[PDB]
Structures are given as structure tokens and as C-alpha cells.
DNA sequence: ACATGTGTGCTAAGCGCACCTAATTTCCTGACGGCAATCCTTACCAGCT
DNA sequence: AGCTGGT
């Protein structure tokens, strides 16, 4: 059971992701230039969303000692936590451990209980700390995203041992590619030289780039792995799938949104279930040329319908069924009118869609999978 | 709690956001060229507006020396010890447009910068009297950016985290149709007959005319955290923003293109998540002989609004909103009626309805906050 | 008799393979830079594919003693196993050893635990390793084994470990000039701080390209190394066809979920294989009409034309196939009407190629 | 050459509206808009009947588009790999220098038509460093012969020579 | 890739812009894995042809 | 009874 979500989103003039010099992220798809949003952006926007608070629980941080000190309260505790964590094998150079460490939040309490224990020696305390850190797989964020801890070897106490600290990711996200041929535009900003003085010229001028695009976004969620690394909590797993769907639909990357308030919802979502991941990025190898009798989003949905019906004919007539729940708001744009039978269930409501997918996975209710949370 | 504004205007032949060449700004939306009014321009015209001249609490200046001037002569005392903060002088400037307030800043920055008290000991006082305030409405809406240089500033400056998030999200105004640029040929003609019948300077001007769509979103609890518990000034902010987005227009080449026009449609929604109804106008509005451009654009907007309302809603929390047309010439299309909770014909009553949703603050006593 | 399987795959911006520095692999084909996917990565991803699990029966391990120790509840044999292996010829925990999984598991367990010897125990363990040819993944990828001559015994011999590879996967050559793109990523520190900076500013390089993928089956070799049977051979050929059309290299797919599918299949039966790399010696530059996939297919069909007439082999004609789903992408847009059996499915072409292999069917063979 | 100089001088004569419509045609061929082709024909036709040597047509169109977008001034001795490299010495060799350096080397393995965006980013960082002069004639006659490797290696060695000084 | 198909009969000269303007802090990863052989002999000796 | 592949 692999749940995939294909999203066609039209965005206003925006700069939702950029490189070092400020240009929006571009890719050469099909030999032509297309604007691009990175998968880490949508991944973290899903993670830091307005429905995933009940599903949080991860910190991929470098300042563990601050959290252990905050648990310790007003008991100093910075120096001995620092020396213990340096003794495990996470070296510090300026003030922080020199690698990212990912671990559930609820283990902070017993980690600080190890740290505040003065009866233990040095290698025993560091080994207990490493055991607590390495066996912290209680959150859904580490369930979806993944983990790796490889402690440093030269400046490490010899009597320190680590179990398997690596978890496997249950969420696969692709980079959002522009459906149409993408061109970047040029904007210069100015500053406010509001108080006159004597020059009356310019205070500051510059150069900024932006692009508007219709984006194709991909999400891929496993079920057995997500419930395997969530130790079989099926209510929690169904809650993750549902809240992840709502987050992917209702949230956008927070890149320069204060100046480009591009908060446009998906005008078509294809939610499907089968064993192996399909992909529809090759639907738009030829860029969409806008003619006057049609629209950009309408033609993008039509080309997506052509490719999806195409590979459903060439891929999905087997003994293994493939069932999809096509979503548009209130049926704005249905599928290709030359077929009119591709979608299994023409869904017009996102909440009836989340009820339907929760019913399909094993049979679940949003009000009943909300009752289980990990935080 | 998010307060959203969606507007529809239509201006005369205009040059509002011209190029350094002179060409009005364009962007591509849906594969077709659309006239764009810059988000920075909309925000600045909002800030400098007449009805925003009752809210201002910040200047965001460049060279604070002349503002800290007006014993009665503190300079070269202002600019000379201004270099210690990491803001060097290049033809008596500070080389960084500091995001920074205007009332308490100027009223308590004279006491520590009128010489005395030692250099690099008044640097911490500079940090206190520059990087602390944030109790300005327009600054907290527009955010705050500050940075001291590391090359010239001394190590006695203890700069805290001055990064302050913005409570406002505006989008660039997009025309609802295919933009067309008009090349107005023009000359400069001489009147004195000092030579043969010449003219003088010949050249060109470029302009356009369009029907614009503007989107705003005012965060509520983020704003009330940014102002730290001032409810009435927050109500002043939201109401003055609702008034200033409508009644005020950009100030580009308005001397030669007077396109002051009022929005014929304002839609305000109240959700805990943001949306933008810009995908309605992916298809440009083709003007037909039986209707007008504004009415057709408003009909497409009503189509999209009803559609998104039926598709992304029916929670336990419904979506409540008020629709504004002036004297009801443009109701919400001819489709499904009663979509908006209240169709309001006047702007001040729409502002009052938003304010009554906000928690029950009126419009008159809120202005007594400032 | 040998089978050719050609694909033309366009991919989303992705990094399916990297070198030591992290750049996507590049080759200088035709005087210009072409994006490359390593053959071994494709072979590994097709090995680990979700449809080969009925046929995945080869293990490449140095921890053989760990495999012995796992299947023993209370009889700890891991130092005795280690010294048996250490005088087998491997010298250390060892080098990489290829074999069948279940065969070595059960019968190396029974041949190791008995307290009957230490020298002949290593000799018979080595013979069990060398006779482990009952696996078709070994038959496809190939395996030799060279033990040391220093850390061994003079009484321990090794039989001929000759296993030929029944598969020649080519490296996926891009159909145009490679445009290697630089991705700039940061790592967010979840807890805040004074600096408001990234935990790790890093380097990643990605390349979006239309890859000419090329495989080849030596079916005669596939049955000369898989003994006299042909049922397992037909099952493996069908399994590879499904896997290659269905799976992708497991590179940075968690960061670039490019699971796009091959937009072209060309299966041609002959005794002299051909790659259509010379179909794209001229780099494919797109035009305003059509797309990169269609221009690449057009150049490929032009090459198929002058190697089906100029280099014609009418003693053994082409049984050239397609996967044109309901004829979305035809080959002969101007002249090349030589696609004899253009179809729009995948199981149909699987069944067809095992039909010209011999008297087999898709469903009956899928039980070995 | 005595033919490309007239082309650059005629380009410097172009007024604001003409290079505005040239600015709007970035990344677009000279066919989908009639006024752009008309402007290019007016700029490109009359210099073939007066001097025997002219640049390539695609080079002229690309250079006209880039000139409209950036608007430098013509000065001898200010080719791309001198100002480039001069700005590379004003860098930290640890991180940013490989970034900008790779941005520069991307140009050396590209055909004429696709260099619009890499030349755009190179001239964007040139504009960020406030560069006014660019030898448009020198750039044009090293670009019209960009397909022979001696001039590419000479351009690269000019970058090396400007970097070591 | 202006010329050349004139076909009662298709003008034209004077005129085309100057200047202020581009900021920074910091952030940058650890470990594990790295192939064996075979390309002249201490040469006779015993498995057996 | 010698020969040849191994030590």
C-alpha cells in the first residue's frame, strides 16, 4: 500500500525558493528552462504546518546541550552535559556539536535524568546517553523524514558503543517543476529616502528575480514502513496520512511570501493507491502553449489527464487494481472530456476526500484518529 | 486567525510602476502578459497614504543624524560615532537603511548620543535605543531587518537578535486580462523663433490601462504578539489597512496619467488558513458586447469563490465573509446567491463588520489609541 | 540467441548516481558532454526491485560467519566458523563472496556445526561456496572468486569458479549536451539561536536529462549457466522486463522523487546487437514544435531506418517492438513504418518475447 | 573588424522603446512578435551592403537582447574574462570563489543559443559589482567564432592571467 | 536577407535629455567499506597408464 | 613402466 499524491498548483508571481545569488531555482526539463521548488522546501512546509502540531516530535538540531540545560532548570548543567556529549563522540568546536542530531522530544526528560545523575561515572553516563539517543524513534517526523547519526572517532572515549541509529524514510517528495515554459523576470527594488536631505536621488536600488508557474508536485507515502517505524500504532499512522494530506493541500513554502503572497490552493489533486510509485512529470515534456480557446491550468489538467489515462491503459489493466480519488474543488476542472471514465471517484470536497482515504487504508475516522497523538 | 482582502479595480491609461526605461511593469500570469503593480509600491502607497497619517510610528530612515539633531549641535558627534556601530560613512550616509521606529527612538536617543559618556560605552546605549522598540504598527506589519558590519564595528557592541517577522503578506497586483502597451509618441516644442521651425526634444512614453486584482492577508495573533497586547491599536491597523487598500492608489506617472480609481469589489474572508483567489483570472477576461470587463471579472471571481468555498470547507468551522460593491451595481454574478453572509453596499460598514467579527471593537473609540 | 532491450527515458531533476565528489556521472560521447548513469546502479536497482523477490536468490557478503551464527539458537559457532573461513582462502571480516542465499544458509549450517574436522571442513565449505550456482541473479550479473594463496592450506583446493554474465547493461547516455545543475541546500537548526543560520550548508548536484538506456540479454548464456532448464530462464526474462520498465535507481529519490517511466521500448531479435548511441551523435536540440522525447525518438527512428536499409539484416529481420500506449508516441512519423508489432502494453511484449523464445506463456512460467 | 563596430554603434543609437521591446523578448525567438523582427531587420540588413564582414545572425540577435537588458557602454580592453577574474580576486577562496568560478565555467561548454541565461547571470553579478564598461565588439567577435577551441582557450587563459595578477 | 512587378500622379525640412543609486552576520558533516591471481622450479614423485 | 600434474 503506497499512497501517492499528484498536485497541480497554479501560483502567482512569487519567489518561493532561491539559490545563493537570489535567482529562483531553475531546472532544464525537456531541454527547456523550467522554474523549480525543492523537495526539502515542501517537506519542511509539511513538517512546519498548521495541522502537524499534534504530529511533531523531532529536532534535527546541533544544540542538544541547551535543551538538556533547559530540562535541568537552574542547576548550571551546561558544562557537564557538554563534556558528556563530547565524550560520546559528538565533538564541539565553538559552542555546539559539529553534526546534526535527530531524536524524539520525549527522550529529553530521561536524557537529562541521566545527565543530572551524579552517581554514574563518565563512560557509563555517556553510554546511557548514547543508548537513549539511539533508541529515540517515537515521533512521526522521524518516521516520514529519516535519520543518520555517525559519531566522530578520533576524539571519542573508547568505552562507548552505539546501536543502529539510522531510520528509513517513509516520505518521498519530488521537486516541483513548472508545467509551462518558464521565463524569469527582472524587478528592481528601492529604499525609502523619505526624509529629503539634499540629494533627492536614490537611497538604495538593486535587482530581484521572480517567476509565476503552474507547478506539478509529488508526494509518496508508504504504509507498512510508516507503521513499522511507528511500532504498529495504526491510529497514529492513519493520523499521519490524513494530516499529511491536509498539510500538502493547505500549506505553501514560506519563501518570500511577505512580498509575494502566493497562497493558491491546488486546482487538482490526484490521490491514488497501488504497490509501486507512478509519476506524471513526463506529462509535460512539451511545455504548455496557452491558446485563447483554453487556459493554462485547464490545459495542464488536460495534458495530465491524457498521460494518466495513457499509462492507466498501458499500466493498469492487470490483476492488481489501481484506484484513484481525483480531487478538484467542487469539480472546477474535471478530467479529459474525450474519456470521462478515468477517475474512479470524482471528489469535490477535500474533507470527504480525507474521510474516503481514511476509510480506504484500513477504515478510519478523522475524529477517531485525532484522539491519538505523539508529542 | 487570518483577515484576508481581495479587491478588483480598473484604472485609466496609466503609468503606475514604470521601468527605468519608462515601460510600465509587466509579468506573465498564465502564459499571457499582464500589467503588474509592485507589492513594494502597494505597501509604500499604503504606508504614505492620507488615512495612514494617523497610525505612523516609524520612519525607517537612512542617516539618523539629522533626525537626532532637531547641545543643539550633535554631528561630526552623530555621524562620527555612528561609524562605531558598523555603519560607515560614504558622503555622510550610513550605508544601511535601518528598520527602526521614530517616536521613542528620537525622544530617547538624544540623551546618550549628545556626546559624553565615552565612546564604545554609548555603543550599548545605541544598541538599546536602536534594536529594541518594535512597537510601531507599520514596522510590525512590514517586519524588521537589521545588521551591523563586522569589519569596522568594535567588539563592545552586544547586538541581540533584531530579526522580527512580518505580520503582513501582500501579493503583486495582476491585471485580469492581456496587458497591452501603448507607445505614446511625444515631442518637446520650442516657442521662441530663434532659428528655423524646429521643435526641440523628441522621444516616447509608454503606458497601459488595466483592471487589477490585489490580495492582502493580515495575521491577527501574530500582530498582537508583535505589538504585545495592544488590542485597540491592532484594530486601528486592520481598519486603516482595509480603508487604505481601497481609497489609495499608486503614485507613478500620475502627473501625466491621472488614473485615480476606486475598487468596485472588495471580498473579505475569515479563515485560519490563507488562500488567494488569483487562479480565477488564469483566463484573461475577453470583453463581450453584452457586458463590461469589470462585471465579467467579478463574475469569474464569484465563480471561483463559491467553488473554493464548497470544495475546501464544510468543517466544524464555517467560512464567514462580507462582500462589498458600491451601491450594488455588481452583486456576486448571476450564479448561486447567498454565498456571502452579508452583501454590503458601503465601505465603512464592511470595515465595521470585519471589526465586529474581530471580537467586538467598534470604529470610533479605536482611534483613541493613537 | 540474444535479446536486446532499449529504452529512452526522460527524467525529472534528479541525482540517481554520483562519483566520490557527488557530481552526476558524465561521459565524453561524440565530442560533447553526456550525462551518464552507471550500469552497475541499474543492475543493482533491478536486482532489488519489488518484482524480483521471487527470484532474488544471490548474496554478496563478507559476513558469512554472521549468516551462519544467525540461524543457530544456542549452538554458538562463530570463532570456529571464522577460522574455517580464514583457512578457506579468505584472509582476515573477509572479502566479498557471491553465492545463493538459502542454499548456503541451511547446508553450510549443517556442514559447519558437526565436530568431524577442521581442514576438510574448510575444504567442503569452499566446495559448497563454489558449487553455489543455483541462482539466476548470479547467472545474470556474473561471479568469479579468487582466494588468497598465502593465508590458506596446501591441502585446500578450489574448483573452477567460472560464471559468465548473461547481461550487458550499458551506461545510460544522455541524448543531448549534459547541463549539470548545482543545487544549493541548507540544513535548518530546529532549535533557535542567536545566529539565525543553517546547521549545515551543503553541496548537491542534479541533472535533468533524457537518458538512452540500453540492456541486452544473452538468453543462450542465460541457460548455459542456469543448467538445462528454461522455465527459470523465461521467468527471469519476464521479471527483468517488468522490473526495468517498473523500477528506478535508488539514488537520491527521497530528495528527488523522479519515478518517471520509460517512454520507449525497442526489442529486436538478432545475433548481432546494436546500441542506438550513433542515433544521437548529433546532439538533440529541441525545436518550438514537439518535445525532447519526440525529437529523440525521431533521430532514433532515422537511425533505425538507415540501419534497417543501409545496414539491413533481412536474413534475420527486426521484430522491433514499442510500448506506445494507445499510440501516444508513434515512431514512423515520416517514413519508418517498420515497427512490425507496435503495441501499447508491457505484459503483452513480455509474453511476445517469451513466445519467440519458445512455447511459453506469461502466467504459467510465473511460478518458478 | 570594421563591420561589427558599426553594428555596436548602431545598437548604442537605439532609443528607449526599441530596447524595451527587445527587453520583453528575452528567451524568445525573433518570430513570435512582429515589432522585434522589424527592429532586428532594421539593425541587421544595412550593415551587409557597406562592409564585407558581418557577425552571425544569432550572435547579433542574442547580443542585442542582452545589450537591451543590461545597457553597458563600449570600451576597448574590457572583455569578459578580465573583469571576470578581477572580481574573483575580491572573494573568499574557501566557499564563494568555487561558486562564482563554476558560474563562469558554465559558459565554456555551451552553444550560442543557450548561453542567454548563463550570460545573464554572469552579467548580473557584473552589474552587482557595478561594472559599466564591456567590450561589445570584442565579446561579439569572440562569440561569433565561439565554436573553435583556440579562442575559448585564449579566453580562459585571459581569465587565468587576470586572476594571477 | 529595400532596390527592379510605375501602373494618369506618391513632398519633406527642421528637430532625439541630462543624474543620485547597489547592504550584509553566520551558517559549511561526520564514518565505514578500498580484491584476491597470474603471468620460471629448493623438482622429483607417486597415481596410474 | 614411464608420465605428468602437483609439491
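Taken together, the values in this text are just the output of simple stated rules run on the coordinates, not laboratory data. Here the Cβ is made from the backbone with ideal geometry for all residues, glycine too, and neighbour counts use every protein chain on show.
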* Asked: How far is the Cα center of the range C:1-53 from the Cα center of the range A:166-231, in Å?
  -> 30
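Give me the Kirkwood hydrodynamic radius of chain D in Å, from all C-alpha pairs, to one decimal place? Can you show the working numbers first?
Details: mean 1/r = 0.0601 Å⁻¹.
After inverting the pairwise mean of 1/r, the radius is 16.6 Å.
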* To do: Return the average number of partner chain Cβ atoms within 10 angstrom of each residue Cβ along peptide B:27-37.
  => 6
* Structure fact -> Rounded to the nearest 0.05, FRET efficiency between residue D:73 and residue D:41 (Cβ-Cβ, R0 25 Å) equals 0.50
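Per the Cauchy relation, a quarter of the hull surface: what is the mean projected area of the convex hull of the alpha carbons in the protein assembly as shown, in nm²? Mind showing how you got there, number by number?
Values: hull surface 248.1 nm².
So the mean shadow area of the Cα hull is 62.0 nm².
What is the range C:66-183 by shape, rounded, prolate or oblate, if you read a ≥ b ≥ c off the alpha carbon gyration tensor as root eigenvalues and call it rounded for a/c under 1.5, prolate for a/b larger than b/c, and oblate otherwise? Could you put the intermediate results ahead of the total?
Numbers: a/c = 2.34, a/b = 2.08, b/c = 1.12.
In terms of gyration-tensor shape, prolate.
Using Cα pairs closer than 8 Å and at least 6 residues apart in sequence, work out the relative contact order for the range D:1-143, in percent.
Details: 120 pairs, mean separation 49.1, N = 143.
Across the range D:1-143, relative contact order equals 34 percent.
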* May I ask you to derive the FRET efficiency for residue A:344 and residue C:53 from their Cβ-Cβ distance with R0 = 41 Å, giving the value to the nearest 0.05? => 0.90
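What Kirkwood hydrodynamic radius, in Å, does the range A:296-375 give when the mean of 1/r is taken over all pairs of distinct Cα atoms and then inverted?
On the way: mean 1/r = 0.0688 Å⁻¹.
Radius from the Kirkwood sum: 14.5 Å.
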* Structure fact -> With label points set 7 Å from each Cα along the Cα-to-Cβ direction at residue A:224 and residue C:182, the distance between them in nm comes to 4.3
* Once the Cβ-Cβ distance between residue C:131 and residue C:367 is put in as r, and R0 is 25 Å, what FRET efficiency do you end up with, to the nearest 0.05? -> 0.50
* Take every Cα-Cα distance within chain A, group them into 20 Å bins from 0 onward, and report for each bin the whole-number percent of pairs it holds. => 24, 46, 26, 4, 0
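To the nearest 500 deg cm²/dmol, what mean residue ellipticity at 222 nm is calculated for the protein assembly as shown from DSSP H runs of n ≥ 4 alone, each contributing -39,500 (n - 2.57), summed and divided by the residues?
Values: 41 runs with 415 residues, N = 1278.
Estimated from H runs of four or more residues: -9500 deg cm²/dmol.
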* Please find, in a Gaussian network model of chain A (springs between Cα atoms separated by less than 10 Å), the residue of A:191, A:262, A:134 whose mean-square fluctuation is greatest. => A:191
* Using a basic spin-label model with each label point 7 Å from the Cα along Cα→Cβ, how many nm lie between residue C:282 and residue A:98? -> 5.6
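Any number yet on Rg/Rh for the range D:1-98, C-alpha, Kirkwood?
On the way: Rg = 16.4 Å, Rh = 15.3 Å.
When Rh is taken as the Kirkwood radius, the ratio is 1.07.
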* Structure fact -> D (µm²/s, integer) via Stokes-Einstein for the range A:221-330, Kirkwood Rh across alpha-carbon pairs, 37 °C, 0.692 mPa s: value 194
* Residue order, fewest to most surrounding Cβ atoms within 10 angstrom, among D:117, B:147, D:147 -> D:147, B:147, D:117
* Structure fact -> In whole percents, the bins of 5 Å from zero upward hold the Cα-Cα pairs of the range D:74-151 as 3, 14, 24, 27, 20, 9, 3, 0
* For residue B:197 paired with residue D:52, estimate the spin-label separation in nm (one decimal), with each label point 7 Å from Cα along the Cα-to-Cβ line. => 4.8
* To do: For chain A, with a Gaussian network of springs between Cα atoms less than 10 Å apart, report the residue from A:343, A:112, A:202 with the top mean-square fluctuation.
  => A:202
* Asked: How far, in degrees from 0 to 90, does helix D:80-89 lean away from the longest principal axis of the Cα atoms of chain D, to the nearest 10?
  -> 30
* What average count of beta carbons from other chains do you get within 10 Å of the Cβ of residues in C:179-189? -> 6
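Which of B:313, B:304, C:212, A:337 comes first, and how do the rest follow, when ranked by fewest Cβ neighbours within 10 Å?
Values: B:313 15, B:304 21, C:212 25, A:337 8.
Taking fewest neighbouring Cβ atoms as first place, the list is A:337, B:313, B:304, C:212.
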* Asked: Relative to the longest principal axis of chain D, what angle (0 to 90°, nearest 10) does the C-alpha long axis of helix D:34-44 take?
  -> 80
* To do: With a cut-off of 15 Å, note down the residues of the range A:354-375 whose backbone N falls inside the zone around a label point 7 Å from the Cα of residue A:231 toward its beta carbon.
  => A:373-375
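List the relative contact order of the range B:110-240 as a percent without decimals, with contacts defined as Cα pairs under 8 Å and 6+ residues apart. Provide the component values of the computation, followed by the final result.
Numbers: 148 pairs, mean separation 32.8, N = 131.
Computed value for the range B:110-240: 25 percent relative contact order.
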* Asked: Using Cα atoms only, what is the angle between the long axis of helix A:350-361 and the major principal axis of chain A, expressed in degrees (0 to 90) to the nearest 10?
  -> 70
* To do: Could you pull the Cα extents of the range B:134-208 along its three principal axes, largest to smallest, in whole Å?
  => 71, 42, 23
